[PDB]
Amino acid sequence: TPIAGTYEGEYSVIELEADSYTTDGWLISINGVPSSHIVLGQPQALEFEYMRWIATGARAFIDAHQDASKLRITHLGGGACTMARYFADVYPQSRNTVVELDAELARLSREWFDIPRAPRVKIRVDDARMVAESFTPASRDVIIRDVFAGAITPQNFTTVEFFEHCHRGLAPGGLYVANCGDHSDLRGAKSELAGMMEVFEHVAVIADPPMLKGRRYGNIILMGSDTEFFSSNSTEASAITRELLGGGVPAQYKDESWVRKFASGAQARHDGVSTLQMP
């Protein structure tokens, strides 16, 4: 069992709180921001809406297009390794590699956050941008980006150069999926999409409707692949939709045609010029 309290991470303060009502339920917060929720022994139980959305969009794609018995999923970030733990249970032959910045969060995840052994879930303590730059061709089938959840994504995870590294690492036709937090101008999400469209042939999104409506900050799941995404009037899209209506916040699947209009006019981002200073 986890022990409730405050833990000093390498890059963050980590707080573990036991659910009052759920046996073996645990909330994990990072720098005061709720970041994951788990129920021990129930690796498919998710409480974070955007995690449910990633699960729905990624499973629809994997089920339609990929071979689960040999699936390789790279998680660039991911609070408590919970998404990795989820996919490891849904796809019991999958190999999930989580690249985590914080050595102490990595250690707590292995000890207390109820993950299966490596290679089903394998943690690498490293800078995720640097790991992406070293991807070799066709070395993974899915990449899930979930860095610093709750914050606007660091710029180096949003550029054409980053997406090009991800594209090289993906098996032909593989899936890129990102959690993007944005406030209601949506300039961040739209610029990420603009960069993704230079790199991947196809894009789709799963969106929080009150954020699209400018009511609040929210999450949008950005998907890119050289494989076509389902169209809005398909039976697969209806199945995705029924799942998206099952959470506490009903969400919407938007197909490539919608995304190209949504992000029209947005400018892709590029890595900044080098600002390295030498002694």
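Heads up: residue numbers just count along the shown sequence, starting at 1.
Should the higher mean CA B-factor in the entry be assigned to 171-179 or to 147-155? The entry gives the higher C-alpha B-factor average to 147-155.
Average Cα temperature factor in the PDB entry - higher stretch of 181-189, 108-116: Taking the mean C-alpha B-factor of 108-116 and of 181-189, the larger value falls to 181-189.
In this PDB entry, which of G247, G57, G41, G224 has the top CA B-factor? Comparing C-alpha B-factors across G247, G57, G41, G224, the top value belongs to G247.
Taking the values straight from the PDB record, which of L27, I62, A237, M51 has the highest C-alpha temperature factor? Within the set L27, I62, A237, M51, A237 shows the top C-alpha B-factor.
Taking only the Cα B-factors deposited for this chain, tell me whether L101 sits in the lowest, middle or highest third. Tercile = middle for this residue's CA B-factor.
Would you mind ranking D89 by its C-alpha B-factor against the rest of the chain and naming the third, lowest, middle or highest? Ranked within chain, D89 CA B lands in the lowest tercile.
Third of the chain's Cα B-factor distribution that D141 belongs to, per the entry: Ranked within chain, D141 CA B lands in the lowest tercile.
In terms of the CA temperature factor given in the entry, to which third of its chain does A128 belong: lowest, middle or highest? Ranked within chain, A128 CA B lands in the middle tercile.
Split into thirds by Cα B-factor across the chain's modelled residues, where does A207 land: lowest, middle or highest? As the PDB entry reports it, the C-alpha B-factor of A207 lands in the highest third of its chain.
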